[PDB]
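Novice: Sending over a structure as structure tokens; questions will come in a sec.
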Amino acid sequence: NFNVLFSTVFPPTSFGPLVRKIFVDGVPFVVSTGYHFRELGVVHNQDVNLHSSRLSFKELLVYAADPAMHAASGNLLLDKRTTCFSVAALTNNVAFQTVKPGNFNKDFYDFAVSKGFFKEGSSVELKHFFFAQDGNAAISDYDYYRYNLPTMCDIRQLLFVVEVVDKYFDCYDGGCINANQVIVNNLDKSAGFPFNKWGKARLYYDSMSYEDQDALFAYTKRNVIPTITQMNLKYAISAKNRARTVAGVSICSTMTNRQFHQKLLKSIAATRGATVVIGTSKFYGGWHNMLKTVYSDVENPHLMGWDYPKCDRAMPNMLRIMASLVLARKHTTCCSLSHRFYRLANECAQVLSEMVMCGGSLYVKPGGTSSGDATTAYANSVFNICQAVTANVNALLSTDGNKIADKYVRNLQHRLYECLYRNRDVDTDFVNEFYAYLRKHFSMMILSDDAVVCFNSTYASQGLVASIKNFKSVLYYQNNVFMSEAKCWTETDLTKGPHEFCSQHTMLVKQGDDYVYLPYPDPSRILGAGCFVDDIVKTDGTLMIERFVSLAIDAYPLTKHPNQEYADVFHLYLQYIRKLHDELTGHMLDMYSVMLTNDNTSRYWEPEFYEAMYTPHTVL
Amino acid sequence: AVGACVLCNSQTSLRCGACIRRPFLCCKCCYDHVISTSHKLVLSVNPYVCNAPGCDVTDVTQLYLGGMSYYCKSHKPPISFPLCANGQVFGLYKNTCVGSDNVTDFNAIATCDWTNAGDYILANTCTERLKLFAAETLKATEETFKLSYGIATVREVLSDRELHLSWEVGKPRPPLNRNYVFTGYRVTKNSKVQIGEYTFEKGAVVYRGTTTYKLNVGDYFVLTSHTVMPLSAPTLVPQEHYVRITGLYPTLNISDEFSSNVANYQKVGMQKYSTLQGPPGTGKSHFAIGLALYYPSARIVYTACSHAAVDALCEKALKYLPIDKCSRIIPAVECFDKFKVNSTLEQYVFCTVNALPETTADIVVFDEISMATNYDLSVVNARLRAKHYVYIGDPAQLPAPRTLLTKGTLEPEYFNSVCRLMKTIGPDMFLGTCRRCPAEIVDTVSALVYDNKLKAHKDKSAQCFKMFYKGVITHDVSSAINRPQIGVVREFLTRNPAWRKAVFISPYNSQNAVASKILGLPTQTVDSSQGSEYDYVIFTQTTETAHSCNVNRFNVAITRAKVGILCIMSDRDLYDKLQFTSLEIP
Amino acid sequence: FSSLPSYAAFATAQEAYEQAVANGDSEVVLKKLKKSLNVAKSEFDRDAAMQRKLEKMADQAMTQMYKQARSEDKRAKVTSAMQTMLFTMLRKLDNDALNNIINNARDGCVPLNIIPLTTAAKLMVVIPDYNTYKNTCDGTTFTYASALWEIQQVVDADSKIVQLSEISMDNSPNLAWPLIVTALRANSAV
RNA sequence: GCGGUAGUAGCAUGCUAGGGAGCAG
RNA sequence: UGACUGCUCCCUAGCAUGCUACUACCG
Ligand SMILES: [Zn+2]
Ligand SMILES: [Zn+2]
Ligand SMILES: [Zn+2]
Ligand SMILES: [Zn+2]
């Protein structure tokens, strides 16, 4: 906290990797043997050898991921398009990347029009398209890191909020695992820069044996390895016309972050009935179970949701450090005290402030999160819980204590002030008491910066529980953003669920004998997915009939909506599926002579196959 | 882990584990080699050893395959499968083998621990890849033998031409002269530091090297054993006499360096190789120099076998050929740096086979075939792939330092493949013109091996002397001494005034060191001392045993001196063959 | 599947038993036939099953070892590629200015952000518009980072040559404006 | 007379592996 | 040029378990 304030005086060219000259068989290299953080000060590597013989495979991998050689063997660059610090240009040309439009499925559009759709004055219309971008879009989108400013925190209050958050994250287990227990799916994805010139992640997960991976992972508990992050543009459907960009992290960072965090990440995504709902599905009655869990037994229930403007470009560094420290608290037996600090330093040097490669040039990332590391959503959930806790603390501590009728709450406020500003060490009894109070009067359900809260209403009116105004104030003074209350909702009737959670609305329908909650999407999104595709081979329905089956699975609960076009969407999808099947069979029987059968295929255009996906009975 | 087997050239994945060089063996070949020989270890992509915990069996005929690992009789699961069955080992490409019948000779090559003459007989009597494998494993065993020696513990130095140096406990004194190079590396605190390329004189330690370092503490003199790389090209490429002179350009004029050099070109321009069959000082030097300007538009390579024999390699090239046309290749040991190092484009490169800048040519010259093995021929054929080349050298010279053989001497037919290639079908070239030499060597080596194709060019005044003295031999260490040399040098310089400035052939280098300490004569090496001979030389007794005197060590020693060649009859020599003047000692 | 070790015995017993049956002998020979053929087929059963299990096991082992060999080959080639890339990018370090600024350091360590700033030979500038252009690189030589640079070439967003005589206020709206200027260090490195 | 065992065929259930596709943060 | 997670549908291959069936052996 003090280093953050003091680092704003010193010049910005004295931060980052520290390099020196080493000799390998009489030839000189330039490698990084330390780091200078704005928050953590000066860090020196522990195992550095100047004179050495011919190097091995993992040394080659480490030296090929360091930005030192790439920056030192490049040209100077002065870029006036952005205000962020610039390092070097790797080539003699600047690359401009564009985004192409979508492909039009005319047959589906004609079929939909021939059934009374897209008429004037209708309540269902297309507002999801593929937007195109011009050459200078990647740099324009990268220039949004100017909203990240150095922020000092109230340390005596953060040191209590972190205890409450750790109480929230208490029902799991974690630790370190060996290289043979790591689970990777889709090994056919990019490996980052400069490793994308020779293959995908399969090549590097096959060429490296198990003890090589173990030695590489054990190397990062005594040294710091800075890497390079590549920025890519997305090609997807959306409702707004701004460019979207994701970050491609290097393989040397992901390979070790998996071994560090995967056990805890898998343990979190396997628990039901907790505050974090990552891993729970919405089919087979999952949505109803989540909604019933979040309602708990609150006394005067209302519902509330909020929004984070520029969530990843504006999150201060201190909260990211806090999230990493909270996640790394499960290593009390497998790791020492220096190993944990060096792991934290490696994480900070790789995914918090490092060189990014936009276009064909190297830039310096000021701060924030790089969406695309191995621990994105869980860290976002920790950050969301931290913000909610500090909002509750600010709401309770800023109330006239002479007007609180209940004496228990008055004593709670007195003890809260004493534990914040008059106590130096942790007091577990009051932490447990405050955690119980919060869980009784303020219930949460969190999924990576999306949240729904069921709170006591009279307590919030009297000021003993956080409100929207408290969230606005906390965001203003701790996040450097303004949160307009036009993107937040409030629901005073519990028979209708949250107004929006994970882009889905909620309706209470009668199925069987009882009443359950079902989610339904926006009809415009489903129709836009039907009519606008990436690829040309998806403008011929017979080649892929399984797209429309999934799209009709997503659009089933629209048949219980009081509005009439909403069910017509599902019926139109069923008729199109039947038409595509008939077209395939006849269109194949005609020129060729192969005769097709309709055995157990009619299930796809009858509603009973889709009705079974929202009825509580686990299958497959 | 995947390649061709040394006999069928078929694809395999099996490596024999009981051969020091780990050759690639075909599955049927693997079975034949493992059955008829106590070579009971086979390597694959994974080793063929029992993986049962706590177990230790390294056979192949004993293991059973079960599950995914390999198991033995004591741990075979109910689902077991023997690896060694059907006379064919289990490996990749098992269905695309052809086998071979040359397994007995391959077994003999593999099993030969290199003891007797038959070792080299069968080394030179086999098919091409077996020649390559035999040469590779011969150099491997000799380098292992010489690395099985101690480290020269040195902590101080007296002065120049003096040294105190100690070997290890249980290790004997290594061989003496530059034929076994002494290049060591000391340490200061954390790594190794340079010492110098040296060689020792006697046991007083004079320095016959070419540098001087601040030698004292922590010094480690060692005969550096080097890892041997595998061969690529065969020992020789079968020649075919061309009709077109492709690339070769006989100039309009005649660059008349030598007269018969025109015929030289005439028959070296069409066949894929040749050889300069040169008696000492008989055009063995500058016929290539004449070829340099008669064929100036031809890429010409020059090489030898040792860094010592670069005299004629480097002198006349700069002496008469143009300055820029020459080029120098030297690792950086101590040798002639007269031309330009670090230059890839040139038409006349002069070096040794130690290290060259990888390129191909169309004309090469290669010196010192007598002490050249098939390994050196293969490496020069691999590094340089040319159209024609000449191997300078003569069978009437010394063999390579093949200290491995002890019973039978290695004769001309056993030098290398080429050295008998020109012995059976005849030499590519045969000269008969001695540049500067009386007819003593003419008579001697023409009655012995030259078949009298060269005759008297300079007159025979019979000033050379050979006496009736015999000598007495005594062994002390791996070098011996001669009391009828400690007394005989004086007894032979008693009154004859002509051989006081003669050169001392050294069958025993320690004896030459003692002669230098007592009376004083220059030390003259035997093997790598051709062309360094002066006008006047003494052939001394120095031995009677089978160390040096059967035929081919004195064929060049008789040519060291020109007029006054004192070659006394030492032992069972070629006494009753010629006419020689004699003076009886008092 | 037809020349198994027990096949000869099974077939010979079956042939002899069926010949005895075709001989029309008593019921005892028929009972002996039935028992012998039943036990013969029973013993042929495992000999026909175990072999088929073993062949599939061997085939799986062969496939796994082949894929292991392919993985090793790929590893070797990627190692060679990485070594080549490193040794190729080594040859542009400008080993006199770099050595001059390394030796001035008190322990050999220097920040990475000041190596291109003090040792690079070429500079690249990207200019949004003309107002920014006339304040940064006006003329033919300009000063930046306490050094003097002289212009060498100017291209546009389409990578086509542009001469400085036409970069004016009037002619500004006729150029693909993300201009890229290349300069050399004057008096120092290139 | 009943049971056990050994193969063979059809059917059902849950995992692992491979491929194609959909949604969400 | 194509990041990190979560859930779901379809197709094929293998393994394990269970149900039924057909022969044969044994008591
Ligand atoms: Zn740990
Ligand atoms: Zn062997
Ligand atoms: Zn073979
Ligand atoms: Zn065993």
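Novice: Of the residues that sit in the range B:1-30 and are more than 10 Å from ligand 3 (Cβ to nearest atom) and more than 19 Å from B:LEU130 (Cβ to Cβ), which one is farthest from the other protein chains (Cβ to nearest Cβ)? Give the derivation first.
Specialist: Here is the first cut: in the range B:1-30, the ones more than 10 Å from ligand 3 (Cβ to nearest atom) are B:1-3, B:13, B:15-23.
Among the residues that remain, those that are also more than 19 Å from B:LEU130 (Cβ to Cβ) are: B:1-2, B:13, B:17.
Values: B:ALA1: 5, B:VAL2: 5, B:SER13: 7, B:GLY17: 17 Å.
Among those that are more than 10 Å from ligand 3 (Cβ to nearest atom) and more than 19 Å from B:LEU130 (Cβ to Cβ), it is B:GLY17.
Novice: I'm trying to understand the selection: among the residues of the range A:170-195, which are closer than 30 Å to A:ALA274 by Cα and more than 16 Å from ligand 1 (Cβ to nearest atom)?
Specialist: To start, the set of residues in the range A:170-195 that are closer than 30 Å to A:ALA274 by Cα comprises A:170-186.
Answer for the range A:170-195, where residues must be closer than 30 Å to A:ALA274 by Cα and more than 16 Å from ligand 1 (Cβ to nearest atom): A:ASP170, A:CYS171, A:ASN180, A:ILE183, A:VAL184, A:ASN185, A:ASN186.
Novice: Given C:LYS34, C:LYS74, which one is more than 10 Å from chain A (Cβ to nearest Cβ) and charged (D, E, K, R)?
Specialist: Details: C:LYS74 fails: more than 10 Å from chain A (Cβ to nearest Cβ).
Of C:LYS34, C:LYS74, the one residue that is more than 10 Å from chain A (Cβ to nearest Cβ) and charged (D, E, K, R) is C:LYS34.
Novice: Go through A:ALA391, A:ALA323 for me and flag whichever is crowded, with 21+ Cβ neighbours inside 10 Å, within 15 Å of RNA strand E (Cβ to nearest atom) and of a type in the set (A, V, I, L, M).
Specialist: On the way: A:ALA391 fails: within 15 Å of RNA strand E (Cβ to nearest atom).
Going through A:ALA391, A:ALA323 in turn, the sole match is A:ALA323.
Novice: In the range A:586-604, is there at least one residue being within 14 Å of RNA strand D (Cβ to nearest atom) and within 21 Å of A:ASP540 (Cβ to Cβ)? Give the steps one after another, and end with the answer.
Specialist: First, pick out the residues of the range A:586-604 that are within 14 Å of RNA strand D (Cβ to nearest atom): A:599-600, A:604.
Adding the requirement that they be within 21 Å of A:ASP540 (Cβ to Cβ) leaves A:604.
Looking through the range A:586-604, at least one residue is within 14 Å of RNA strand D (Cβ to nearest atom) and within 21 Å of A:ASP540 (Cβ to Cβ).
Novice: Give the residues of the range B:66-111 that are away from ligand 3 (no atom under 16 Å from the Cβ) and not in a loop (DSSP other than H, G, I, E, B), sorted by residue number. Break it down into steps so the answer makes sense when it comes.
Specialist: Taking the range B:66-111 first, the residues away from ligand 3 (no atom under 16 Å from the Cβ) are B:66-85, B:108, B:111.
Of everything in the range B:66-111, those that are away from ligand 3 (no atom under 16 Å from the Cβ) and not in a loop (DSSP other than H, G, I, E, B) turn out to be B:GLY66, B:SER69, B:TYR70, B:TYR71, B:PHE81, B:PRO82, B:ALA85, B:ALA108, B:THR111.
Novice: Might you check whether a residue that is within 7 Å of another protein chain (Cβ to nearest Cβ) and either closer than 17 Å to A:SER361 by Cβ or touching a helix residue (DSSP H, G or I) at 6+ places or on another chain (Cβ under 6 Å) (or both) occurs anywhere in the range A:33-44?
Specialist: no
Novice: Name the residue that is farthest from ligand 4 (Cβ to nearest atom), counting only residues in the range A:206-230 that are outside any helix (DSSP H, G or I) and aliphatic (A, V, I, L, M).
Specialist: Taking the range A:206-230 as the starting set, the residues that turn out to be outside any helix (DSSP H, G or I) are A:208-209, A:220-230.
Applying the additional criterion that residues be aliphatic (A, V, I, L, M) yields A:208, A:224-225, A:228.
Values: A:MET208: 30, A:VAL224: 46, A:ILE225: 42, A:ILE228: 49 Å.
The qualifying residue farthest from ligand 4 (Cβ to nearest atom) is A:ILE228.
Novice: Okay, next question. Go through A:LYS240, A:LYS263 for me and flag whichever is more than 14 Å from every other protein chain (Cβ to nearest Cβ), away from RNA strand D (no atom under 16 Å from the Cβ) and basic (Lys, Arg). Write out each step before concluding.
Specialist: On the way: A:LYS240 fails: away from RNA strand D (no atom under 16 Å from the Cβ).
Of the residues listed, the single one that is more than 14 Å from every other protein chain (Cβ to nearest Cβ), away from RNA strand D (no atom under 16 Å from the Cβ) and basic (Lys, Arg) is A:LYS263.
Novice: Given the criterion over 30 Å from A:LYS100 (Cα atoms) and either within 16 Å of ligand 3 (Cβ to nearest atom) or in contact with a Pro (Cβ under 8 Å, 6 or more places away or on another chain) (or both), identify the matching residue among A:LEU508, A:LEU589, A:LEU558. Break it down into steps so the answer makes sense when it comes.
Specialist: On the way: A:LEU508 fails: either within 16 Å of ligand 3 (Cβ to nearest atom) or in contact with a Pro (Cβ under 8 Å, 6 or more places away or on another chain) (or both); A:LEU589 fails: either within 16 Å of ligand 3 (Cβ to nearest atom) or in contact with a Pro (Cβ under 8 Å, 6 or more places away or on another chain) (or both).
After ruling out the rest, the residue left standing is A:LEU558.
Novice: Could you tell me which of the residues A:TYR147, A:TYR210, A:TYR172 is touching a helix residue (DSSP H, G or I) at 6+ places or on another chain (Cβ under 9 Å) and within 25 Å of A:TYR378 (Cβ to Cβ)? Can you show your working first?
Specialist: Numbers: A:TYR147 fails: touching a helix residue (DSSP H, G or I) at 6+ places or on another chain (Cβ under 9 Å); A:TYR210 fails: within 25 Å of A:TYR378 (Cβ to Cβ).
The unique qualifying residue is A:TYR172.
Novice: On the basis of being within 14 Å of A:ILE251 (Cβ to Cβ), more than 13 Å from chain C (Cβ to nearest Cβ) and aromatic (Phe, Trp, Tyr), does A:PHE193 make the cut?
Specialist: Details: within 14 Å of A:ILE251 (Cβ to Cβ): yes; more than 13 Å from chain C (Cβ to nearest Cβ): no; aromatic (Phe, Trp, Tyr): yes.
No.
Novice: Of the numbered conditions (1) assigned to a helix (DSSP H, G or I); (2) more than 26 Å from B:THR212 (Cα to Cα), B:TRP114 satisfies every one except a single condition; which is it?
Specialist: (1)
Novice: If you don't mind, there's one more thing I want to ask. Criterion first (more than 14 Å from chain C (Cβ to nearest Cβ), under 26 Å from A:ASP307 (Cα atoms), of a type in the set (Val, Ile, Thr) and within 16 Å of ligand 1 (Cβ to nearest atom)) does A:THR369 satisfy it?
Specialist: When the stated conditions are applied, A:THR369 does not pass them.
Novice: Given (1) outside any loop (DSSP other than H, G, I, E, B); (2) farther than 19 Å from A:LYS167 by Cβ, identify the lone condition not met by A:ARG272.
Specialist: (1)
Novice: OK, next. Suppose we filter B:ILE195, B:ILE245, B:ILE254 for residues that are part of a loop (DSSP other than H, G, I, E, B) and in contact with a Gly (Cβ under 8 Å, 6 or more places away or on another chain); which single one remains?
Specialist: Numbers: B:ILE195 fails: part of a loop (DSSP other than H, G, I, E, B); B:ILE254 fails: in contact with a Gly (Cβ under 8 Å, 6 or more places away or on another chain).
Exactly one residue qualifies, and that residue is B:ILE245.
Novice: With respect to A:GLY372, is the statement that it is within 16 Å of RNA strand D (Cβ to nearest atom), of a type in the set (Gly, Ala, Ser) and in contact with a strand residue (DSSP E or B) (Cβ under 7 Å, 6 or more places away or on another chain) true?
Specialist: On the way: within 16 Å of RNA strand D (Cβ to nearest atom): yes; of a type in the set (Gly, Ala, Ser): yes; in contact with a strand residue (DSSP E or B) (Cβ under 7 Å, 6 or more places away or on another chain): yes.
Criteria met by A:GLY372.
Novice: Quick check on B:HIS75: is it within 27 Å of C:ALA49 (Cβ to Cβ), surrounded by 18 or more Cβ atoms within 10 Å (Cβ to Cβ) and more than 14 Å from chain C (Cβ to nearest Cβ)? Show your work before the answer.
Specialist: Values: within 27 Å of C:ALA49 (Cβ to Cβ): yes; surrounded by 18 or more Cβ atoms within 10 Å (Cβ to Cβ): yes; more than 14 Å from chain C (Cβ to nearest Cβ): yes.
Answer is yes for this residue.
Novice: Could you go through the range A:231-250 and let me know if any residue there is away from ligand 4 (no atom under 16 Å from the Cβ), part of a loop (DSSP other than H, G, I, E, B) and buried (at least 20 other Cβ atoms within 10 Å of the Cβ).
Specialist: The initial filter retains those residues of the range A:231-250 that are away from ligand 4 (no atom under 16 Å from the Cβ), namely A:231-250.
Okay, now just the ones that are also part of a loop (DSSP other than H, G, I, E, B), so A:234-237, A:239-244, A:249-250.
Now drop any that are not buried (at least 20 other Cβ atoms within 10 Å of the Cβ), which leaves A:249-250.
So far as the range A:231-250 goes, yes, one or more of its residues are away from ligand 4 (no atom under 16 Å from the Cβ), part of a loop (DSSP other than H, G, I, E, B) and buried (at least 20 other Cβ atoms within 10 Å of the Cβ).
Novice: Okay, moving on. When the range C:142-152 is examined, which residues are found to be more than 10 Å from chain A (Cβ to nearest Cβ) and surrounded by 12 or more Cβ atoms within 10 Å (Cβ to Cβ)? Show your work before the answer.
Specialist: As a first pass, look at the range C:142-152 and keep what is more than 10 Å from chain A (Cβ to nearest Cβ): C:142-143, C:146, C:148, C:150-152.
Correct list: C:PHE142, C:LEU148, C:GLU150, C:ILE151, C:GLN152.
Novice: Determine, yes or no, whether C:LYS92 is within 7 Å of chain A (Cβ to nearest Cβ), part of a loop (DSSP other than H, G, I, E, B) and among the charged types (D, E, K, R).
Specialist: yes
Novice: Let me ask you something else. When residues of the range A:4-21 are filtered for being surrounded by 12 or more Cβ atoms within 10 Å (Cβ to Cβ) and at the interface with another protein chain (Cβ under 10 Å from one of its Cβ atoms), how many remain?
Specialist: 10
Novice: Further, regarding this structure: Picking from B:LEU138, B:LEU163, B:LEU92, B:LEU83, which residue would you name as being surrounded by 17 or more Cβ atoms within 10 Å (Cβ to Cβ) and within 16 Å of ligand 4 (Cβ to nearest atom)?
Specialist: Selected residue: B:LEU83, the only one of B:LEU138, B:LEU163, B:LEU92, B:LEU83 that is surrounded by 17 or more Cβ atoms within 10 Å (Cβ to Cβ) and within 16 Å of ligand 4 (Cβ to nearest atom).
Novice: Would you tally the residues in the range A:493-507 being of a type in the set (D, E, K, R) and away from RNA strand D (no atom under 12 Å from the Cβ)? First the steps, then the outcome.
Specialist: Our first condition is that a residue be of a type in the set (D, E, K, R); within the range A:493-507, this holds for A:493, A:496, A:500.
Filter once more, keeping what is away from RNA strand D (no atom under 12 Å from the Cβ): A:493, A:496.
Residues flagged as of a type in the set (D, E, K, R) and away from RNA strand D (no atom under 12 Å from the Cβ) within the range A:493-507 amount to 2.
Novice: Report yes if some residue within the range B:48-61 is loosely packed, with under 15 Cβ neighbours inside 10 Å, more than 9 Å from ligand 2 (Cβ to nearest atom), away from chain C (no Cβ under 14 Å) and under 33 Å from the mean Cα position of the chain (by Cα); otherwise report no.
Specialist: no
Novice: Suppose the filter is more than 16 Å from RNA strand D (Cβ to nearest atom) and either more than 16 Å from A:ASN380 (Cβ to Cβ) or within 17 Å of the chain's Cα centre (by Cα) (or both); does A:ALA314 pass it? Walk me through it before giving the result.
Specialist: Working: more than 16 Å from RNA strand D (Cβ to nearest atom): no; either more than 16 Å from A:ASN380 (Cβ to Cβ) or within 17 Å of the chain's Cα centre (by Cα) (or both): yes.
The answer is no for A:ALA314.
Novice: Still on this structure, I have one more. Identify all residues within the range A:331-355 that are more than 19 Å from the chain's Cα centre (by Cα) and more than 16 Å from ligand 1 (Cβ to nearest atom); write none if there are none. Explain how you work it out, then say what you get.
Specialist: So in the range A:331-355, the residues more than 19 Å from the chain's Cα centre (by Cα) come out as A:331-346, A:349, A:354-355.
Once the filter is applied, which keeps residues that are more than 19 Å from the chain's Cα centre (by Cα) and more than 16 Å from ligand 1 (Cβ to nearest atom), the range A:331-355 yields A:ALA349, A:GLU354, A:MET355.
Novice: Let me ask another. Could you check the range C:110-134 and list, in sequence order, the residues that are facing another protein chain (nearest Cβ under 7 Å), part of a loop (DSSP other than H, G, I, E, B) and surrounded by fewer than 17 Cβ atoms within 10 Å (Cβ to Cβ)?
Specialist: In the first step, residues of the range C:110-134 are kept if they are facing another protein chain (nearest Cβ under 7 Å); the result is C:110-117, C:120, C:122-128, C:132.
Still in the list and also part of a loop (DSSP other than H, G, I, E, B): C:120, C:128.
Matches in the range C:110-134: C:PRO128 only.
Every residue, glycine among them, receives a Cβ derived from its backbone with ideal geometry; neighbour counts consider all protein chains shown. The numbers here are math on the coordinates, done by the rules we state, and not lab data.
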